[PDB]
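The sequence shown begins at 24 in the deposited numbering and counts up one residue at a time. Just so you know, even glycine gets a beta-carbon here, dropped at the ideal spot from N, CA and C.
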Amino acid sequence: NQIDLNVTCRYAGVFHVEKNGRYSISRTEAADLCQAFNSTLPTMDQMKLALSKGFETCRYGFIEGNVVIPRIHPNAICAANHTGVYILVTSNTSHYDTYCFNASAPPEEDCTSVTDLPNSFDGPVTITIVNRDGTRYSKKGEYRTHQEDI
Ligand SMILES: *[C]([O])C1(*)(*)N(*)(*)[C@](*)(*)C(*)(*)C2(*)(*)(*)=C(*)(*)C(*)(*)=C(*)(*)C(*)(*)=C12(*)(*)*
């Protein structure tokens, strides 16, 4: 009973979370996950500011209202060579990664590790935060509030 949460640097408070290294988060689980990080789904405006500070990924993830990929450099295998906040238009499927926004983060790039999940609740799951540099923080708990996600 274990969940890995792979987390990125924050840019103007915005970061990317991948559950178990594969697209596997529903829209409801995404909201609950950000809440566990004392964060919210970013607005489009928040994501555009993050992009302007250096944020890019090669992964679809939820923001408030849409599924997006922030792109700085054009890459053929990431968002079909687009730059800017690329918006997913057509998909059959419902599960992606998520973005989250923490207002208390530094205003620009913060590439320090994440070492807590401050708003997780009591539960039986071993939840491990995995940073890109390999640094890990684990705790026993839960964050999912919708039965359909568990
Ligand atoms: C990157 O960015 C992503 N994917 C792969 C794996 C991992 C880990 C940690 C953090 C992040 C990530």
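Starting from the Cα of residue i, find the closest Cα among the options and give me that residue.
i	options	result
residue 67	53, 61, 85 and 172	85
residue 78	58, 34 and 101	34
residue 118	153, 41, 63 and 143	41
residue 157	146, 142 and 138	138
residue 123	27, 61, 43 and 46	61
residue 143	64, 24, 57 and 43	57
What are the start and end residues of the alpha helix (DSSP H) that includes residue i?
i	result
residue 56	50-59
residue 145	Taken as a continuous stretch (DSSP letters only), residue 145 belongs to no alpha helix (DSSP H), being part of the beta strand (DSSP E) at 144-154.
residue 136	Careful: residue 136 lies outside any alpha helix (DSSP H) and carries neither H nor E.
residue 71	67-75
For the beta strand (DSSP E) containing residue i, list its first residue and its last residue.
i	result
residue 25	25-30
residue 172	Premise fails: residue 172 is in no beta strand (DSSP E) and is neither H nor E.
residue 161	159-165
Distance check for residue j and residue i, CA to CA, integer angstroms please.
i	j	result
residue 49	residue 38	17 Å
residue 145	residue 80	32 Å
residue 169	residue 54	11 Å
residue 133	residue 32	6 Å
residue 83	residue 46	8 Å
residue 94	residue 116	22 Å
residue 128	residue 136	12 Å
**Message:** Using a strict less-than 7 Å threshold between each residue's beta carbon and the heavy atoms of ligand 1, what residues do you get?
**Reply:** 29, 30, 31, 39, 41, 44, 80, 153, 154 and 155
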